[PDB]
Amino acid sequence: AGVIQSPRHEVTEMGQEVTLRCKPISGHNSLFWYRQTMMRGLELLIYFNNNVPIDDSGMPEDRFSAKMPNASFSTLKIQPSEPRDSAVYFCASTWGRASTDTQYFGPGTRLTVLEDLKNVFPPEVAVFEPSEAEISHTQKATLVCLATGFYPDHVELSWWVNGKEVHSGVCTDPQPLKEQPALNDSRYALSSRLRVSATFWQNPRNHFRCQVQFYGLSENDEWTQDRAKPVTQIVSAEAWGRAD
């Protein structure tokens, strides 16, 4: 349908070669590569038209190369990668008949290049059942989820009520917290809330699950530590309804 980017998340060690791939919209002829951070904003890197580069002045002097082998595929290689490469990389495409054509944006790839993988941890997920004072006082029931101790910040939290994903009545922190607020290595914590009516929580036939998708190491990566290798995984916590 829209502009496709692969991968979506990437967590890798420095020195590795990072390959980002984009597929423009069918029929589109210009393709743009952007970068986003908080300090520099939306930064044009390079953009093509009919598979020919038009402006690559935004490309760094070293380690960044991009090419478009055919009309529906472009790549952007970072070799070798560095920690400062960590950003959200966007690919956009237009019809390519005018410089003023509307740009459609893909979902973007969040790339985190680490110094080393010694500090990577998956999250621990705990669900906290609604206060009975809150049920008594407001006739509503708030569930709280805590995803704690993960690094880096590549987590996606989601609530699943009765096997199906819900979005209403759910507020999760826009930004996580540093457990050690004075460390570059510091692992993160993240909280969520799912508030339902007292009637819905007190039905023991309702199933609540807090799901946290973590993005970490891959198959190619290696592990020289006697703790569980922090691969990409999904850590869940769940609770059943309680009438009393």
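From 1 onward, residues are counted along the sequence shown.
The question of which stretch, 26 to 34 or 196 to 204, has the higher mean Cα B factor is settled in favour of 196 to 204.
According to the PDB record, 217 to 225 carries the higher mean C-alpha B-factor of the two stretches 231 to 239 and 217 to 225. When the C-alpha B-factors of 74, 102, 109, 131 are read from the PDB record, the largest value belongs to 131. Taking only the listed residues 44, 182, 66, 210, the entry reports the highest CA temperature factor at 182. In the PDB entry, a CA B factor belonging to the middle third of its chain's modelled residues is recorded for residue 53. When the modelled residues of the chain are ordered by their C-alpha B factor, residue 143 lands in the highest third. Placement of the Cα temperature factor of residue 84 within the chain: lowest third of the modelled residues, per the deposited record. Per the PDB record, residue ranking by Cα B-factor puts residue 189 in the middle third of the chain. Ranked by C-alpha B-factor against the other modelled residues of its chain, residue 78 falls in the lowest third.
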